[PDB]
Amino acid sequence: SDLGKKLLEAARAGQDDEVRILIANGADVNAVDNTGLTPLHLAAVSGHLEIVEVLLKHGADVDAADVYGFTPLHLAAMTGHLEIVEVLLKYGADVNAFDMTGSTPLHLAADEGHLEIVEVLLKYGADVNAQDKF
């Protein structure tokens, strides 16, 4: 998709108005790049709160996993974007989602010293003993 590639670029670059236009013109909000990043992943990790909300309202898959197993919540938690962490949880993000190391958004936030995020994730039911099994 040409609109898919354009929407990925707009979301990464934080171009709010270019994102609203592409969506209105038929852009796949669930477009995926060559390592599984979606527009929501790219807005989340770049700190673009308005684009995160726009994407979620236009049906963005809140638990889309990239080639590391990161959800947009993993990326928001490791980069310290508290408002995006909250918006994602409100849109039903799995607070205990596991990446391919068995790490939750909480493990990643703790490792990066984002202790405000650690506190918020514990508030929305993050389990410190979350364990991935086979």
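One-based numbering along the sequence shown.
Of the two segments, 24-32 and 72-80, the one listed with the higher mean B-factor is 24-32 (C-alpha atoms only). Once the C-alpha B-factors are averaged per stretch, 101-109 and 87-95 rank with 87-95 first.
For residue 121, the recorded CA B-factor ranks within the lowest third of the chain. Only modelled residues enter the ranking.
Split the chain's modelled residues into thirds by C-alpha temperature factor. Residue 40 is in the middle one.
Placement of the Cα temperature factor of residue 63 within the chain: middle third of the modelled residues, per the deposited record.
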